[PDB]
Amino acid sequence: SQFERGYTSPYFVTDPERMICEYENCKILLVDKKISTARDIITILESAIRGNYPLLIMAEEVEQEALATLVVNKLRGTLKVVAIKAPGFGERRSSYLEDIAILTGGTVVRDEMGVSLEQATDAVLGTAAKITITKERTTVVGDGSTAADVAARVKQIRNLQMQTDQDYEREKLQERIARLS
């Protein structure tokens, strides 16, 4: 699972010489809307701190206010956190976030559909064996806990492949299968 979104602040790096952020046994917050302030996700941040978990946040955007709070807490050593923009745009962005939720055992937090952001708990968090974030790219390695779910999602993407005969879209779908494989 690799795609072309990088860290939203260079202060999130863990290796300043290489300019990369690397964490193991990392919690994953997937949000299909924007995060405007840290108040929006304070319950989630508290949970990550209570469990001493690194946290990767993927959102439509993490706005300036929230980003500044995350950076100050990271610099102080309070929070091991990194934020990226969710990959893609529109419906594709939503599809990719759901792929990553399935890989990591997380739950996409949506606008209106399901639990809202301010009332989301740590139950929505996915978990990854390893994440590596560079200036331009994100890699998520799953921890193998969702093998059946990922298998089913791959078959589902193949059925979507059968429901389109536009080659370009068949190809984007095959790339999603590769990223889940």
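Ideal geometry is used to build each Cβ from the backbone, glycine not excepted, and the neighbour counts take in all protein chains shown. Since every read-out is calculated from the coordinates, none of them should be taken as a lab result.
Return only the number of the condition from (1) closer than 24 Å to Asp99 by Cβ; (2) crowded, with 23+ Cβ neighbours inside 10 Å that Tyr53 does not satisfy.
Going through (1) closer than 24 Å to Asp99 by Cβ; (2) crowded, with 23+ Cβ neighbours inside 10 Å one by one, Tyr53 breaks only (2).
Looking at region 124-150, which of its residues are surrounded by fewer than 16 Cβ atoms within 10 Å (Cβ to Cβ), closer than 11 Å to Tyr23 by Cβ and among the aliphatic types (A, V, I, L, M)?
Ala129
Got a sec? Which of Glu46, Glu61, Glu22, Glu65 is free of Cβ contacts under 8 Å to residues at least 60 places away in the same chain and assigned to a strand (DSSP E or B)?
Details: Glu46 fails: assigned to a strand (DSSP E or B); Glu22 fails: free of Cβ contacts under 8 Å to residues at least 60 places away in the same chain; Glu65 fails: assigned to a strand (DSSP E or B).
Unique residue meeting the criteria: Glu61.
Checking the structure you have, find out if any residue of region 119-132 is of a type outside the set (A, V, I, L, M), out of contact with any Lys or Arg (no Cβ under 9 Å at 6 or more places or on another chain) and on the phi > 0 side of the Ramachandran plot.
No, every residue in region 119-132 fails to be of a type outside the set (A, V, I, L, M), out of contact with any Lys or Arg (no Cβ under 9 Å at 6 or more places or on another chain) and on the phi > 0 side of the Ramachandran plot.
Condition (residue is among the basic types (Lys, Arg) and over 22 Å from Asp122 (Cβ atoms)) applied to region 31-42: is it met by at least one residue?
Among the residues of region 31-42, not one is among the basic types (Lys, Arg) and over 22 Å from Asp122 (Cβ atoms), which makes the answer no.
I'd like to check which helices (runs of 4 or more DSSP H) are fully inside region 81-181 and have at least 2 residues that are of a type in the set (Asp, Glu).
Because the criterion is at least 2 residues that are of a type in the set (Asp, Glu), the helices (runs of 4 or more DSSP H) in region 81-181 that meet it are 90-104, 167-180.
Collect the residues in region 1-20 that are under 14 Å from the mean Cα position of the chain (by Cα) and either of a type in the set (A, V, I, L, M) or surrounded by 14 or more Cβ atoms within 10 Å (Cβ to Cβ) (or both), keeping them in residue-number order.
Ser1, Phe3, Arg5, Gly6, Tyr7, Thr8, listed by residue number.
Six or more apart or on different chains, Cβ atoms under 9 Å: show the pairs whose first residue is in region 92-108 and more than 18 Å from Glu175 (Cβ to Cβ) and touching a residue at least 60 places away in the same chain (Cβ under 8 Å) and whose second is surrounded by fewer than 23 Cβ atoms within 10 Å (Cβ to Cβ) and of a type in the set (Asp, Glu).
What qualifies is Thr104/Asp143; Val108/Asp32; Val108/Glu98.
Show the residue pairs that are 6+ apart or on different chains and have beta-carbon atoms under 8 Å apart, the first residue being within region 129-142 and touching a residue at least 40 places away in the same chain (Cβ under 8 Å) and of a type in the set (D, E, K, R), the second being assigned to a strand (DSSP E or B) and crowded, with 16+ Cβ neighbours inside 10 Å.
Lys130/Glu22; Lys130/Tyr23; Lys130/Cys26; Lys130/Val140; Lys130/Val141; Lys135/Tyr7; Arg137/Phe3
Do you know which residues across region 23-49 are in contact with a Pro (Cβ under 9 Å, 6 or more places away or on another chain), buried (at least 16 other Cβ atoms within 10 Å of the Cβ) and closer than 22 Å to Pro87 by Cα?
Matches in region 23-49: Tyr23, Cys26, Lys27.
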